Amino acid sequence: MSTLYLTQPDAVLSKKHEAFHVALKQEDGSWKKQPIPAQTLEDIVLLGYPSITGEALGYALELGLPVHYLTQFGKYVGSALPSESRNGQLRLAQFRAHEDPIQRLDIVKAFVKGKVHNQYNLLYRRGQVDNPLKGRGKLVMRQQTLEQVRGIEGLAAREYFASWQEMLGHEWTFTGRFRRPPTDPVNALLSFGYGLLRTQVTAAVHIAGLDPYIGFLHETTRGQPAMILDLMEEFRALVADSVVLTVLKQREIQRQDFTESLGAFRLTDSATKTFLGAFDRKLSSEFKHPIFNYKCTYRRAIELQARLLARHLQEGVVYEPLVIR
Amino acid sequence: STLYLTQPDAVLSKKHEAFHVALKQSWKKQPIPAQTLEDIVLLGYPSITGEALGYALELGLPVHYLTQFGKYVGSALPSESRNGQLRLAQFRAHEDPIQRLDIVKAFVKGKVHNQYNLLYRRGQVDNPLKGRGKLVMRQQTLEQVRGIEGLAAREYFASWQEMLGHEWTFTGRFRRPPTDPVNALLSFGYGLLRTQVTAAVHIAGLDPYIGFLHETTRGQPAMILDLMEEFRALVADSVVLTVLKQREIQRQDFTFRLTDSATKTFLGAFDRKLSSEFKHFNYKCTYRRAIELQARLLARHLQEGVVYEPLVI
Amino acid sequence: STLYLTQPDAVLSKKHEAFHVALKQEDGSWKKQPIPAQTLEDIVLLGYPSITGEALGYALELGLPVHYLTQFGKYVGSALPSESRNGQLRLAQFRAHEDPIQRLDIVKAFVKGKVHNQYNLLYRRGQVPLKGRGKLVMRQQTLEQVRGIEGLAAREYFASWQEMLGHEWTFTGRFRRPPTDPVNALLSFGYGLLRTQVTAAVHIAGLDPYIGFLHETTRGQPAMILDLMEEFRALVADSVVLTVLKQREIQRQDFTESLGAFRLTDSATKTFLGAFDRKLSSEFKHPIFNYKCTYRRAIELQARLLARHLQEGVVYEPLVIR
Amino acid sequence: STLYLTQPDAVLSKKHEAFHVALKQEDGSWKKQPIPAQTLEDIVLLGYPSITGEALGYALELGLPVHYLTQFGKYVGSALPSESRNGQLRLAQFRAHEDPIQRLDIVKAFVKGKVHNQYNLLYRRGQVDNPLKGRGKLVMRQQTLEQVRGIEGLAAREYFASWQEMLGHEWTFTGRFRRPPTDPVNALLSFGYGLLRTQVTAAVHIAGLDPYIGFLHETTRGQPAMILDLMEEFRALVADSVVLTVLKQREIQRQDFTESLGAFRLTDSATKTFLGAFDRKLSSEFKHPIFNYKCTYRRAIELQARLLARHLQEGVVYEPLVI
Amino acid sequence: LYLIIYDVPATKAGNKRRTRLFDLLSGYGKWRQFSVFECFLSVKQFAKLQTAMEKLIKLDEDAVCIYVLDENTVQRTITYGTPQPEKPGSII
Amino acid sequence: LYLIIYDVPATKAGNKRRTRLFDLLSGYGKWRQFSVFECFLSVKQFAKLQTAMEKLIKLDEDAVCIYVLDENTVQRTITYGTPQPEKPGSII
DNA sequence: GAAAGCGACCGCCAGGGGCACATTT
DNA sequence: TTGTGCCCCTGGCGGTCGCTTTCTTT
């Protein structure tokens, strides 16, 4: 629904009585203060830390326009979210069922039961003969402790990442994924994708009133949110992952990268503006919703899963996550 | 250890690995180093260089936008920050009557001792309560306590007849509808404090719509209405009596609305009061800041177990 | 679509592809107004207003006839667009007029199409004379009898009207040119500007107005219209006055000046024409289809049906209503 | 008996009961000429004058047509009244189309007129005075249609083949080729016959005839046969003559366009100066036979159409206008 | 209705075309606003206008726009100051 | 998809209404012609905008119409010197 | 008299230049 | 180096009032 993106790190977003005015030119004229409609937006994403007005944040939040903050590369740094919800009873459930392990299990065993099948039902489409995650899926439910499941999610992540070189091609090398900064060239791009997936997932939690910091998979003992990731996890294979090989196949094969100050293979300006296009294109894909015939864009799918989990925490709904073959 | 900006005539920047607060309309640069800070508070409506809004977010520091009066508009939060244990302890406490009750006693002690010290300020006759503060501590459940604040409220309000005179009537406290001029001035002030408290809450990370004393319903910002008690007698109930001696007379009140001219002189007393305090450990303070403090001390009462003794005079 | 115009001091000038009509209300008195061509289907001039000669050269190239009329609504004449080129048609229209064995078999239908509509209008408005007369036409053997029959049914139609009009007016005897009564003059109104929509339809079907079938053409009046106007004389010319007299223009109007004349006032023309377009802008469902053949179309449709009747030997089923 | 107005600047108006013309300018204080009713049963606004509606309203209440034309005579419209005796006129126009005696005795008139104007023309352009010598009465002594059309189509050939002698060298001629003209001369002729067509058409519309019902030219293909029947006795004198006149001081090869698709078109200049003669030629005719003096070709067309209206309505004679 | 919009420059070679197009649209429809005409017409009468347009406009410096509202999507239109859409028989 | 026009006099107390109506519609939609905006948007945006538009006009002196054009009717807006309507998200 | 062809006084359209402002159950 | 109005006056639109040349065409 008409998301906004800014990438010139010298601009200004001023306000005119109902709307925004962006300014770029930077003294080759009169700054080229071009108009922009604000009441039709749903979100704002910033990459270069552009100077925004102070009087405009308030208006963006009087409407429901969350502000985000990323870096040139695309790494996540923070966000300014709007008025929060009121169903604190929900959040109390989010927790009341967070410290009873016998429930936290039955929930994460769905989060992953709908995360490995979502990987295999992407590979089989890509053309992987076996790449056997179908087994890990069946071996989830057997498990009966969270420490017996986090290991499986990591193992499956590595089984899903070790099956990359044969999928990508001979051009780029993806031997493994590193926790340290983007040493691997292809891995500098998922931090973009997996970075600006939180842009659309750190607000769907704020729409259902879910407390971001209390989750079911990630131990909330490091200042890291738990719902923002735990929930962002299912959608790391299908909205922030299929984007990558969708664009790394038709587009940006190479010649649009750089390297400096650590090696640190980076991306390039004038290629981002194509990446973000790919992202808004993937978000606005319809996909017909394999539960009923919803036929809803992913952009909603997230905002839905949030409320479905909330109702699960209030109305005892069944948590049927997403899977597409 | 927080960086405030009370003037929209300022500019923030990142100049060579450290903050630079260009203030005085160009006039009064004064660089500041990082790694001592834990929070920033842009009180007015400044302009701020995005180059700084990264060096503060990739570091572990939020940025809270407000307005010169203290109303809460928005906050920029980082990805990595330790507010999880805080929320968790807060909930563990809401469902643990030990912590909840020993904290509710703090709020009630604060309220009643502030009321008594107000009637000492105005020196009513020195017969308002005389010992309500400790009686609460001598309780061991909630109902007992919750039944003491209302008794103290009637004792504290009915004593205003001799305090004010005949120029302004008063018998009790009536919320919406105000039903009288002074009850309406109260509602307005009692509420205007809600904004400073809402900010002070989001600054510390607490969840306003989940609290300890005021049970949560209709999205009642219980975490606000709790922190509001200890001030209901020290800011608003003092401001009203500070202007009801000189300026505001029955003229200014319709019928029970208020005229636009009073909605601006009331603030000449409100903000003015909010720019002064002594302490008590002597500490420079302005009533506005003490609210952020009490919130941080509550967060530390839940995280570190620090004692939370409320504010008194 | 159709455009009626009243004020006789209105110069109707022609601008690039429209007409500007000039009205005069007292401030300096040249107040003008644009008016679009390309959307009209015919013009009607009630008074005797002005026409810029170079404007006929525009209205006669889009199919817009210029029908001249009088304050009272008494038809006088018209100007028409490019003529028709179906001479082969106007030959049959004539050889069937001099073959009386054919002319009689046509007038029988022209009347069967009127008497049925009369009796059905009566049952439509509440009544029940004309039941056993539509059948005493096809059993004739000549024409003079048929003309006497039409006169009979008409002197019964105009004197059987009283039972439905009301006490407000009275109808006893009828004269054609002199407007003795108001209604007897509202007929001169309707009977005049029904030819406006007929005389153009015939022009479209390449028919000749002068060559007659029922009316004998040796009077100087077009004997094709005054035979075709008969079928709708009782539908649009009549049913409009009887539905504009239902709480409209009952009295308080119709100045009685010039004894022997019942002229309308203003504000009654501008309403009578609105009700007229109500009639010629509605649908009656026409047995052929569930919904078809707008009223104004029906006339052009009848004209082309008669053309086919004279070249393709088709039936000529007049328009019967229930 | 006909209120003509060839000037475009005139205005008619009713002065207390009767028409009143104001020629050549302003309604106020310039060039009045009053004229009554009681001889007026036809009003002809040749150009594009203005007229006050109060005049027509009068006219249309007594059977007075208003024929709007162009300053050249082209027909653009007619305002006809309700009461008009054009019924018997049409009935006779048809009763003659379906009675070969009338049709034939009228076709003989047209043929006689055309060939007579042709003979009197070839002596008018004194050539040798031996073109045909006597094809006129050869028609009248026949009693058929086919034997008259043969005479028409043979006199046409024996008449057009007598031209190259009379034009000379710079222009070639072999015969009459209708549209598309294979020659320049056929182009001028097919273009002049159309102007004569406009004038006739106007006459046929005033007279009240049905232009699409004819006597000689069979009515089919939507042909204005009643116009051609009246053209036949004017082509030789107004069109076939104007062409001869301009090709001896005026237009020469320089003008007519090249063979685009073979048809020889005219220039943007001659099409305006050609009327230099095609407007004076129809402003003439001092009536050779001492019958009368005052007349014009442009008006003789209206006349002949009315004389036919009378030949049918009133059993009058119809003599073609010769020389 | 068929809503027509023209916004042509203020140059004395375009003002000719703007006023000429105004005089045209005043022949097919009703003037609604300074640069908005409401033409209610069929296709026989719309081609006669589009052919009169393509022969008139310089689309390298002109600015035109058209909207095709059919009857049952005009009932929905809202107005505040000007009258309602109507295309009946006209009288004066 | 919605479409908005306005016609306002040049009174100093009315020109403010225009220069505020543009500064309003900018936040609520796009721009094609001088007195015209084309605003593709939802309904509650309308209940927030209409309630602002009724809220700043006197009817004795201003003119505005509101044309509603949902997808099927928008498709054909044949033009010659302008791009036709649409409304995506934007990258800068 | 009538059409179309120009060449200027005033009701609609916007960006640009300064200089009063700023608190809120 | 942060909005919200309230002036002038420079400026690309929008249409009417008032003025010299046209008129004739298979």
# chains A, B, ... in the order shown; residues from 1 in each chain; ligands from 1
$ residues_around --residues "residue A:174" --least-positions-apart "2" --cutoff "10 Å" --atoms "only C-alpha atoms (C1' of nucleotides)" --output "list in words"
residues 161, 162, 163, 164, 165, 166, 168, 169, 171, 172, 176, 177, 184, 185, 186 and 187 of chain A
$ write_last_selection --atoms "N, CA and C atoms" --output "JSON list (two decimals), in the first residue's frame"
[["chain", "number", "residue", "atom", "x", "y", "z"],
["A", 161, "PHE", "N", 21.48, -23.77, 3.52],
["A", 161, "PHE", "CA", 22.52, -22.88, 3.03],
["A", 161, "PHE", "C", 23.65, -23.63, 2.32],
["A", 162, "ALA", "N", 23.93, -24.87, 2.71],
["A", 162, "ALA", "CA", 24.91, -25.69, 2.01],
["A", 162, "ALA", "C", 24.41, -26.15, 0.65],
["A", 163, "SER", "N", 23.11, -26.04, 0.39],
["A", 163, "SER", "CA", 22.52, -26.35, -0.90],
["A", 163, "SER", "C", 22.34, -25.11, -1.76],
["A", 164, "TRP", "N", 23.25, -24.14, -1.63],
["A", 164, "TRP", "CA", 23.18, -22.87, -2.33],
["A", 164, "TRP", "C", 24.05, -22.83, -3.58],
["A", 165, "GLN", "N", 25.31, -23.25, -3.46],
["A", 165, "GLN", "CA", 26.24, -23.18, -4.59],
["A", 165, "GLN", "C", 25.65, -23.86, -5.82],
["A", 166, "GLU", "N", 25.11, -25.07, -5.65],
["A", 166, "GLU", "CA", 24.52, -25.78, -6.78],
["A", 166, "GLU", "C", 23.25, -25.09, -7.29],
["A", 168, "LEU", "N", 22.60, -21.46, -6.95],
["A", 168, "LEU", "CA", 22.94, -20.15, -7.50],
["A", 168, "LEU", "C", 23.53, -20.28, -8.89],
["A", 169, "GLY", "N", 24.68, -20.92, -8.99],
["A", 169, "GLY", "CA", 25.44, -20.97, -10.22],
["A", 169, "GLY", "C", 26.92, -20.95, -9.92],
["A", 171, "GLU", "N", 28.94, -18.43, -10.59],
["A", 171, "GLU", "CA", 29.48, -17.08, -10.50],
["A", 171, "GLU", "C", 29.89, -16.72, -9.08],
["A", 172, "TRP", "N", 28.94, -16.74, -8.15],
["A", 172, "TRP", "CA", 29.20, -16.38, -6.76],
["A", 172, "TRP", "C", 29.43, -17.64, -5.94],
["A", 176, "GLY", "N", 29.53, -21.10, 3.11],
["A", 176, "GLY", "CA", 28.87, -21.07, 4.40],
["A", 176, "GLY", "C", 28.50, -19.65, 4.76],
["A", 177, "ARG", "N", 27.65, -19.53, 5.78],
["A", 177, "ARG", "CA", 27.19, -18.24, 6.28],
["A", 177, "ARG", "C", 27.97, -17.89, 7.54],
["A", 184, "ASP", "N", 31.20, -12.85, 2.75],
["A", 184, "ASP", "CA", 30.75, -13.50, 1.52],
["A", 184, "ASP", "C", 29.95, -12.50, 0.69],
["A", 185, "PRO", "N", 30.18, -12.44, -0.63],
["A", 185, "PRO", "CA", 29.44, -11.44, -1.44],
["A", 185, "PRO", "C", 27.94, -11.65, -1.45],
["A", 186, "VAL", "N", 27.47, -12.89, -1.67],
["A", 186, "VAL", "CA", 26.03, -13.14, -1.68],
["A", 186, "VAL", "C", 25.43, -12.84, -0.32],
["A", 187, "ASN", "N", 26.20, -13.07, 0.75],
["A", 187, "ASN", "CA", 25.71, -12.87, 2.11],
["A", 187, "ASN", "C", 25.56, -11.40, 2.48]]
$ residues_around --residues "residue A:206" --least-positions-apart "6" --cutoff "9 Å" --atoms "only C-alpha atoms (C1' of nucleotides)" --output "list in words"
residues 81, 82, 83, 84, 85, 212 and 306 of chain A
$ write_last_selection --atoms "N, CA and C atoms" --output "PDB file, in the first residue's frame"
ATOM      1  N   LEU A  81       8.177   3.727  16.047  1.00  0.00           N
ATOM      2  CA  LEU A  81       6.875   3.129  15.819  1.00  0.00           C
ATOM      3  C   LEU A  81       5.772   4.008  16.395  1.00  0.00           C
ATOM      4  N   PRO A  82       4.568   3.933  15.830  1.00  0.00           N
ATOM      5  CA  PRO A  82       3.493   4.837  16.256  1.00  0.00           C
ATOM      6  C   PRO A  82       2.789   4.379  17.522  1.00  0.00           C
ATOM      7  N   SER A  83       1.706   5.073  17.873  1.00  0.00           N
ATOM      8  CA  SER A  83       0.894   4.729  19.032  1.00  0.00           C
ATOM      9  C   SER A  83       0.715   3.222  19.139  1.00  0.00           C
ATOM     10  N   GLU A  84       1.011   2.686  20.320  1.00  0.00           N
ATOM     11  CA  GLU A  84       0.925   1.254  20.545  1.00  0.00           C
ATOM     12  C   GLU A  84      -0.514   0.854  20.864  1.00  0.00           C
ATOM     13  N   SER A  85      -0.736  -0.450  20.991  1.00  0.00           N
ATOM     14  CA  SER A  85      -2.073  -0.980  21.206  1.00  0.00           C
ATOM     15  C   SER A  85      -2.476  -0.792  22.667  1.00  0.00           C
ATOM     16  N   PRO A 212       7.020  -6.847  21.499  1.00  0.00           N
ATOM     17  CA  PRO A 212       8.108  -7.409  20.682  1.00  0.00           C
ATOM     18  C   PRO A 212       9.117  -8.228  21.468  1.00  0.00           C
ATOM     19  N   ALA A 306       0.240 -12.046  12.623  1.00  0.00           N
ATOM     20  CA  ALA A 306       0.308 -11.405  13.936  1.00  0.00           C
ATOM     21  C   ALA A 306      -1.014 -11.551  14.694  1.00  0.00           C
TER      22      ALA A 306
END
$ residues_around --residues "residue G:22" --least-positions-apart "6" --cutoff "10 Å" --atoms "only C-alpha atoms (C1' of nucleotides)" --output "ChimeraX atom specification"
/B:8,45,68 /H:3-4
$ residues_around --residues "residue B:236" --least-positions-apart "5" --cutoff "12 Å" --atoms "only C-alpha atoms (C1' of nucleotides)" --output "VMD selection string"
(chain B and resid 114 to 115 118 182 to 194 228 to 231 241 to 243 266 to 267 269 to 271 273 to 274 287) or (chain G and resid 25)
$ write_last_selection --atoms "C-alpha atoms (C1' of nucleotides)" --output "short mmCIF file (atom, residue, chain, number, x, y, z; two decimals), in the first residue's frame"
data_model
loop_
_atom_site.label_atom_id
_atom_site.label_comp_id
_atom_site.auth_asym_id
_atom_site.auth_seq_id
_atom_site.Cartn_x
_atom_site.Cartn_y
_atom_site.Cartn_z
CA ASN B 114 2.25 14.64 49.63
CA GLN B 115 -1.33 15.57 50.52
CA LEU B 118 0.47 20.20 50.92
CA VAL B 182 -12.69 23.61 40.43
CA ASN B 183 -13.38 19.95 39.67
CA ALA B 184 -12.95 20.88 36.00
CA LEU B 185 -9.68 22.75 36.59
CA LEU B 186 -8.56 19.59 38.37
CA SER B 187 -9.60 17.19 35.61
CA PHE B 188 -7.66 19.43 33.21
CA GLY B 189 -4.52 19.47 35.38
CA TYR B 190 -4.74 15.90 36.66
CA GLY B 191 -4.79 15.10 32.95
CA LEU B 192 -2.13 17.50 31.68
CA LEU B 193 0.24 15.65 34.01
CA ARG B 194 -0.71 12.49 32.09
CA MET B 228 0.55 9.79 38.67
CA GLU B 229 -0.60 9.34 42.28
CA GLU B 230 2.53 10.63 44.04
CA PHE B 231 2.28 13.81 41.91
CA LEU B 241 -4.29 26.64 44.62
CA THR B 242 -1.40 28.78 43.32
CA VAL B 243 -3.63 30.56 40.78
CA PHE B 266 -3.05 28.10 33.60
CA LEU B 267 0.11 27.02 31.77
CA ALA B 269 1.70 28.52 36.32
CA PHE B 270 2.06 24.88 35.21
CA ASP B 271 5.31 25.11 33.22
CA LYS B 273 6.12 25.22 38.54
CA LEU B 274 7.74 22.55 36.38
CA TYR B 287 9.54 18.48 38.66
"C1'" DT G 25 -7.89 17.06 30.11
#
$ closest_atom_pairs --of "chain D" --to "chain H" --cutoff "7 Å" --atoms "only C-alpha atoms (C1' of nucleotides)" --output "CSV"
residue,atom,partner,partner_atom,distance
D:70,CA,H:24,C1',6.6
D:71,CA,H:24,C1',4.7
D:72,CA,H:24,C1',4.9
D:191,CA,H:26,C1',5.8
D:194,CA,H:26,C1',5.0
$ write_last_selection --atoms "N, CA, C and O atoms" --output "PDB file, in the first residue's frame"
ATOM      1  N   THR D  70     -27.328  30.303 -51.508  1.00  0.00           N
ATOM      2  CA  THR D  70     -26.062  31.007 -51.372  1.00  0.00           C
ATOM      3  C   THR D  70     -25.963  32.101 -52.428  1.00  0.00           C
ATOM      4  O   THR D  70     -26.664  32.077 -53.442  1.00  0.00           O
ATOM      5  N   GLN D  71     -25.057  33.055 -52.189  1.00  0.00           N
ATOM      6  CA  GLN D  71     -24.901  34.193 -53.091  1.00  0.00           C
ATOM      7  C   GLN D  71     -24.686  33.767 -54.538  1.00  0.00           C
ATOM      8  O   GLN D  71     -24.859  34.586 -55.448  1.00  0.00           O
ATOM      9  N   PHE D  72     -24.313  32.509 -54.772  1.00  0.00           N
ATOM     10  CA  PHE D  72     -24.163  31.981 -56.121  1.00  0.00           C
ATOM     11  C   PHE D  72     -25.426  31.302 -56.633  1.00  0.00           C
ATOM     12  O   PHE D  72     -25.599  31.187 -57.852  1.00  0.00           O
ATOM     13  N   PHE D 191     -17.097  19.779 -64.304  1.00  0.00           N
ATOM     14  CA  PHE D 191     -17.112  20.760 -63.227  1.00  0.00           C
ATOM     15  C   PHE D 191     -18.117  21.881 -63.460  1.00  0.00           C
ATOM     16  O   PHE D 191     -18.613  22.467 -62.491  1.00  0.00           O
ATOM     17  N   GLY D 194     -21.802  20.688 -62.861  1.00  0.00           N
ATOM     18  CA  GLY D 194     -22.175  20.675 -61.453  1.00  0.00           C
ATOM     19  C   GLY D 194     -22.683  22.018 -60.959  1.00  0.00           C
ATOM     20  O   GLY D 194     -23.593  22.084 -60.126  1.00  0.00           O
TER      21      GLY D 194
END
$ select_by_dssp --residues "stretch 18-47 of chain E" --states "strand (DSSP E or B)" --output "list in words"
residues 30, 31, 32, 33, 36, 37, 38 and 39 of chain E
$ residues_around --residues "residue E:38" --least-positions-apart "6" --cutoff "7 Å" --atoms "only C-alpha atoms (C1' of nucleotides)" --output "VMD selection string"
chain E and resid 1 to 4 29 to 32
$ interface_residues --of "chain A" --to "chain G" --cutoff "12 Å" --atoms "only C-alpha atoms (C1' of nucleotides)" --output "PyMOL selection string"
chain A and resi 30+32-34+55
$ residues_around --residues "residue E:57" --least-positions-apart "5" --cutoff "12 Å" --atoms "only C-alpha atoms (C1' of nucleotides)" --output "PyMOL selection string"
(chain E and resi 6-8+13-18+20-21+50-52+62-64) or (chain F and resi 79-81)
$ write_last_selection --atoms "N, CA, C and O atoms" --output "CSV table (one decimal), in the first residue's frame"
chain,number,residue,atom,x,y,z
E,6,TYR,N,-8.8,20.6,-20.8
E,6,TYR,CA,-7.7,21.1,-21.5
E,6,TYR,C,-7.0,22.2,-20.7
E,6,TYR,O,-7.7,23.0,-20.1
E,7,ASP,N,-5.7,22.2,-20.6
E,7,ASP,CA,-4.9,23.2,-20.0
E,7,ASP,C,-3.8,23.6,-20.9
E,7,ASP,O,-2.7,22.9,-21.0
E,8,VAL,N,-4.0,24.6,-21.7
E,8,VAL,CA,-3.1,25.0,-22.8
E,8,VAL,C,-2.4,26.3,-22.4
E,8,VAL,O,-3.0,27.1,-21.7
E,13,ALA,N,-0.3,32.1,-29.7
E,13,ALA,CA,-0.6,31.1,-30.7
E,13,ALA,C,-1.3,29.9,-30.1
E,13,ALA,O,-1.9,29.2,-30.9
E,14,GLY,N,-1.3,29.7,-28.8
E,14,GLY,CA,-2.1,28.7,-28.2
E,14,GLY,C,-3.4,29.1,-27.7
E,14,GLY,O,-4.4,28.4,-27.7
E,15,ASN,N,-3.5,30.4,-27.3
E,15,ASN,CA,-4.8,31.0,-26.9
E,15,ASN,C,-5.8,30.8,-28.0
E,15,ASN,O,-7.0,30.6,-27.8
E,16,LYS,N,-5.3,31.0,-29.3
E,16,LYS,CA,-6.2,30.7,-30.4
E,16,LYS,C,-6.7,29.3,-30.3
E,16,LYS,O,-7.9,29.0,-30.4
E,17,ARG,N,-5.8,28.3,-30.0
E,17,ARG,CA,-6.3,26.9,-30.0
E,17,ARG,C,-7.1,26.6,-28.7
E,17,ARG,O,-8.1,25.9,-28.8
E,18,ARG,N,-6.8,27.3,-27.6
E,18,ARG,CA,-7.6,27.1,-26.4
E,18,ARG,C,-9.0,27.6,-26.6
E,18,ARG,O,-10.0,26.9,-26.3
E,20,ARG,N,-10.5,28.2,-29.4
E,20,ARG,CA,-11.2,27.4,-30.5
E,20,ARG,C,-11.7,26.1,-30.0
E,20,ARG,O,-12.8,25.7,-30.3
E,21,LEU,N,-10.9,25.4,-29.1
E,21,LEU,CA,-11.4,24.2,-28.5
E,21,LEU,C,-12.5,24.5,-27.5
E,21,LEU,O,-13.4,23.6,-27.4
E,50,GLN,N,-13.2,13.7,-31.8
E,50,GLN,CA,-11.9,13.3,-31.7
E,50,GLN,C,-11.1,13.6,-33.0
E,50,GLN,O,-9.9,13.9,-33.0
E,51,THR,N,-11.8,13.4,-34.2
E,51,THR,CA,-11.2,13.8,-35.4
E,51,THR,C,-11.0,15.3,-35.6
E,51,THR,O,-10.1,15.8,-36.2
E,52,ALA,N,-11.9,16.1,-34.9
E,52,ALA,CA,-11.7,17.5,-34.9
E,52,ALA,C,-10.6,17.9,-33.9
E,52,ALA,O,-10.1,19.1,-33.9
E,62,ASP,N,0.9,20.8,-25.8
E,62,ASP,CA,-0.4,20.9,-25.3
E,62,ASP,C,-0.6,19.9,-24.1
E,62,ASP,O,0.2,19.1,-23.7
E,63,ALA,N,-1.8,20.0,-23.5
E,63,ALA,CA,-2.2,19.2,-22.3
E,63,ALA,C,-3.7,19.0,-22.3
E,63,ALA,O,-4.4,19.9,-22.1
E,64,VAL,N,-4.1,17.7,-22.6
E,64,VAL,CA,-5.5,17.4,-22.6
E,64,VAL,C,-5.7,16.1,-21.8
E,64,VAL,O,-4.8,15.3,-21.5
F,79,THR,N,-5.8,9.9,-23.8
F,79,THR,CA,-5.1,11.2,-23.8
F,79,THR,C,-4.0,11.2,-24.8
F,79,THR,O,-3.7,10.2,-25.4
F,80,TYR,N,-3.4,12.4,-25.0
F,80,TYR,CA,-2.4,12.6,-26.1
F,80,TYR,C,-1.1,13.2,-25.6
F,80,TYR,O,-0.1,12.8,-26.1
F,81,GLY,N,-1.1,14.0,-24.5
F,81,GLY,CA,0.1,14.6,-24.1
F,81,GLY,C,0.3,14.5,-22.6
F,81,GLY,O,0.8,15.4,-22.0
